[PDB]
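To keep things clear, I will list the structure first and then write my remarks on it.
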C-alpha cells in the first residue's frame, strides 16, 4: 500500500516568512523592517498593554473555572462587541436584530461566516477590493465560494477611485456578498469618506448585495466612534449584515485569538434562525472559542477605570501612527525625494502602499537593509524618529 | 430585493442544552446532574488546577508580548505534546517523522485533519465507533468526508465486542481513515486491551487503513504512560498516523481551547510536505491558535516541580473517578438494585452507559431530580460520597 501522504505536493513557501528569516540573519546594524504585520511602539516592541496586564491579574485572582463556554462564547464579550460596533443605544441592538458569536480572531469569524453562508444560503460569490487582503481568498475559497475583486485603489495617483469602485460593482449580482474593510483599509490605508459609505450603503440596498464588514482596526483611524461610522451607515440602511471583528490589534491580543462574527437580520426571529445555523458551523469546526482573550476584553470594557486606561493606550497608538505618517512625508521631502508623498498623510492605520516597484523593494533590501514586502506595502509603525532619516535617504536613492 | 437569511430554517433543538435549561429552572435541592460533559470534584465544582494557576501567575510575570506565533503555534507545546503521546526515546520522534500543529482544542485538531485530508488526499471515508463522540460526524461531514460506523459496544452485555469490531472493519477499504479513541472511550469507557490494540494495529497495516487516534483523556484511564499504550502500538507499526489530542480535560483547560493535530509520515521530508499543506488548511480557517492555554501547558511540562504538581492533580482526578465507580456499584448493591452493575468498575474514564431506558431516565428527572442524557450515559464525576445514597435509591426505585 502506497502512503496516503507519499505524493502530496508541498505548499508554496511563504515569501514573507522567507523575508523574516533573511532579516533575522542580517547582521547590518542599519537594517529596518517595514514589512511587519503588527503594531510596534517607539522602541520597536509589541508589548502587552498595561490595561491587559491589569485585566489578566484580575482574572488570575478571580477566575474559578475553565469549564466550556457555549458555542457563542462569553455573553458579556458579545454585548461589549456589539456596543463598540453599533454604539450603545443603537436601534439595531434595541430591536434585537443582532446576534454575535465570539470567535478565534477576526479570521475565525470570516471562516465561520463563509461556512455558514455556503451551507445555508445561495451565496456563490464574495467580492473583495483590489488590492485585497490575501487571506480573504483562501478562507472563502475553502468553503467553496468564488472570490472576485472590485476596483478600489488607484495606485498611480494614490487614491480610492470611487467612481471606478461603484461602476465595477455593477457586476455584483443580487445575493452576492460584497466585503468592505470597516476602517484602515489593509493594505492601502485608503478609506471611504462618510458620504461615500452612505452612497455604498444605498447602492447595496438597490442592488441587493449582502454586505460583509471586516473590521480589525477600530480606533486606529480617527477614533473608536469615528472608525465605526461606515459600518453604522450600512447598518442604518440594510435589513441584513455580517461583521467580522477583531481585538488582535486594538487590544494587542494578537495570539489570544479574540474576535467575533455578528449577524444582523430584518427581525429577531430571522436573526435567531440564522444564528442557530451559524452555531452549527461552529460546532463542526473548533466547537467553542478560547476564553482568555475575550475575558480580558470584557474585564477591561466593563470597568470604568480600566476602560479609560485602554482607550488612552489606543489613542497613543493611533497618534504615534499619525506622527510617523507626517514625519515620513516631511523627511522624504527633506531628503530630496523627486516625488510627492502627501497621500501618506491622507491614509488611515499602519499600512500604506509606498508605490515602490518590486525592483526598488529588492534594491532597498540588498543595498540598504530596508525591508518591505514585494507589493511595496510598508508599515509606518516600523518607523521611529531615530530610524526615519536613513530609511528615507535609502528610499530617495532608489527612486 | 428579498433577504439572504429569510429562507434559512432553524437548526434542530439541542436536547442537551434543553436539558441544561430544565436543570437550571429546577428549584429542588437534591438535584444531581449526571449529564455534564466535564470533570467535577467532590464538591461539584470544575476547578482551575493549582498547577495551572501557578503557570498563569508565571506568564503574567514573564510575558512581554502577544504578537502572532506561526500557524503551528508554540514550538515547545508541540514538543511536549509529542513526548506525552509517543514517549521519551521514540524511534519515530528520533527519525524526525512527526510534526505537530497546536490547535484550538482536539475539536480544532479534528477539523484541521478533516480539511487537510479532503484537500490533499484521496481519503473518501472516515470510520468511527458505534457509538462515538457526537461531534465526529459533523466535523468530518463538513469537510466533505463520508462517516461510516464500525461495531464496538455490546450494550446488553456491557462489553467491547471485539470480534464484531474487527469483522465490521473488513468493509473499510485501503486508504480509508479509521478513527480510534486513544483511551477512555467516549462514551462507553470500554477500551481495547494492549493485545487487542496490537491486533488492531496489525490489521490496519495489512488492510492499508490510515489510523486517526483521537485522544482527549490521557491520564484518566490507568495513567499517562498506560493510556498511551494503544497509540504507541499503532505508532510502532505504521508509516503514517494522525493524532488529534486535547488538554481540555487532563489540564482542566476546557475553555482555553488547547489541543494538537500531529502528523506522522514515513520520513522527515514527506511529513514536511504534508505538514505544509496542513498549515495551509489552518491559514484558511482560524489562522493561528490561541496562546494562553498552550503556554500554560508548556510552562507546566517544562518545569519539574510544576509537572509533579500537575501529575498529582491528574492522579487525584483519575482516582476520584475510580472510587466513585466502585462506590456506585457497592451502593446500588446494598440499596438492593435488582441487577448487577459490576461492569461499571472495569470501565475507564468519567463516562459509562448506565443501561437505563429512556423511560427510566425521564422518571429519574421528573420524580427524583436525577439528570442523565437520553442514551443513559452517565458521568460518574457527577457523583460524590454525599450524593451517592439518594442517587442510588432513586435509580433502584425506577428499576
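Each position is counted from 1, following the chain as shown.
A Cβ is built for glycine as well, from the same backbone N, Cα and C atoms used for every other residue.
Positions annotated as expression tag by the PDB entry: A:1-4.
According to Swiss-Prot, the L-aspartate binding site annotation covers A:37, A:133, A:186, A:377. For A:249, the entry in Swiss-Prot reads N6-(pyridoxal phosphate)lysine, with the evidence type experimental evidence.
Overlay of Swiss-Prot feature records on the structure.
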residue : record                         : DSSP class
A:37    : L-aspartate binding site       : coil
A:133   : L-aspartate binding site       : coil
A:186   : L-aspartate binding site       : coil
A:249   : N6-(pyridoxal phosphate)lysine : coil
A:377   : L-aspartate binding site       : strand
Same chain, 6+ residues apart, C-beta under 8 Å of the C-beta of the residue listed as 'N6-(pyridoxal phosphate)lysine', given in sequence order: A:38, A:39, A:216, A:217, A:220
Spatial neighbours of residue A:37 (L-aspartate binding site) that are distant in sequence (at least 6 apart) but have CB under 8 A: A:16, A:379
Cβ packing number for residue A:133 (L-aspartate binding site), 10 Å threshold: 18
Sorted by sequence, non-A:37, A:133, A:186, A:377 residues with Cβ within 8 Å of centre, L-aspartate: A:134, A:187, A:351
Cβ atoms near residue A:186 (L-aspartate binding site) (within 10 Å, other residues, all chains): 22
Nonlocal neighbours by CB distance (under 8 Å) for residue A:377 (L-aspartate binding site), same chain, sequence gap 6 or more: A:35, A:187, A:351, A:352, A:353, A:354
Pairwise C-alpha maximum, in angstrom, for the residues (A:37, A:133, A:186, A:377) that bind L-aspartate according to the record: 12
DSSP residue counts for the expression tag (A:1-4), split into helix, strand and coil: 0 helix, 0 strand, 4 coil
